[PDB]
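The form deposited in one PDB entry is given below as one chain in structure tokens.
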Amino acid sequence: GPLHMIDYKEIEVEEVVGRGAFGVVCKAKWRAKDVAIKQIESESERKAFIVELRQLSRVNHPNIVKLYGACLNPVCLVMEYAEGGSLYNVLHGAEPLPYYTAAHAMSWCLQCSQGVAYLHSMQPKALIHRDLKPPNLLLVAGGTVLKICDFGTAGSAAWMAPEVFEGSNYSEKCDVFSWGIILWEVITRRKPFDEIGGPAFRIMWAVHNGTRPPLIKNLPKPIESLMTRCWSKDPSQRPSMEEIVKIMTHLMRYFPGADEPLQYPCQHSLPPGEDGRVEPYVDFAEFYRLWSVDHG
């Protein structure tokens, strides 16, 4: 649809806000509007650039970053600016970190699944993101609205389905695995496979052998089932994104307050796992109370 060929002179480039999965992202102004501009640095990043330009111009969804246009002198994309930064920074960035609730955690994952389900429903071919992870998930509207970005492939071993790095043939089900890891990550406020570390191949080996993130103490059984289904070794046993959207949509009845902006401070550090399980960062006592009222 609407896509502007942009004269660079019209872009007032403010500060560098970070590096995307490729390129460099700057806060900028264009037509008196706040935008993000993504510029390639290397000549190698040109492939990711054409891919992203093609893919992002195809897509129109509330949970996918808006592409306003492109400049070719110099080669850069002009996109929606995400004032809340990345989910990864919200979760794991420098202190002070924001407080967030079970409702936020569930809402972010629902919104991610809605974006990805839209991708998987594209005609004539499904669009696969292939690099779903909190660095590539952005927040707007006081941290309450999530948008997928970094479509240059449409650092990442901790979210990658084992069939992807096994060089095996794969499908949209790879995004489902990634989503399952993200669900664990927002609930625990832990970096997946942080304890392994090393170089990437050590994570790949672990996941390849069936290592998954530790189970979560007092996690509601339906959330646990959904999570562990998503990270099945066999991609055909993983649910479709359409099913995840439906399940997560119905679960939100038991997670009111997702519309509350991130505004409260938090002082957060990690206790190690008591058994083989970890504590959730979020609290499920309210979920269980609301469930009990509804069911009996």
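The first residue of the shown sequence is 1; numbering continues from there. By rigid core we mean the largest C-alpha set that fits within 1.5 Å across both forms.
- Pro265 is built in all of the other entries compared, counting only those with both neighbours built, so it is not a gap in a third.
- Checked against the other entries of this protein, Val140 counts as resolved in every one of those spanning it, not missing from a third of them.
- According to the entry, the deposited sequence runs straight from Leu87 to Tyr88 with no unmodelled residues in between.
- Stretches 44-52 and 248-256 differ in mean CA B factor, with 44-52 having the higher one.
- In this entry, 16-24 has the higher mean Cα B-factor, the comparison being between 282-290 and 16-24.
- Sorting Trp108, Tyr100, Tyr118, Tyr170 by the CA temperature factor given in the entry leaves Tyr170 at the top.
- Across the residues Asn63, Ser232, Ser240, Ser269, the deposited record lists the maximum Cα B factor for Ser269.
- In this PDB entry, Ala141 carries a Cα temperature factor that places it within the middle third of its chain's modelled residues.
- Sorting the modelled residues of the chain by their CA temperature factor places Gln39 in the highest third.
- Ranked by Cα temperature factor within the chain, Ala32 sits in the highest third according to the deposited record.
- In the deposited entry, the Cα temperature factor of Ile187 places it in the lowest third of its chain's modelled residues.
- Ranked against the other modelled residues of its chain, the C-alpha B-factor of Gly197 as given in the entry falls in the highest third.
Unshown form deposited in another entry; subsequent notes refer to it.
- When the two forms are superposed on their rigid core between this form and the one not shown, the C-alpha shift of 2 Å or more among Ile216, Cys76, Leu87, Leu119 belongs solely to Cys76.
- Shown in the overlay between this form and the one not shown, fitted on the rigid core, is a CA shift at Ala48 of 2 Å or greater.
- When two forms of a protein are overlaid on their rigid core, residues whose CA moves 2 Å or more are considered shifted, and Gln39 is one of them between this form and the one not shown.
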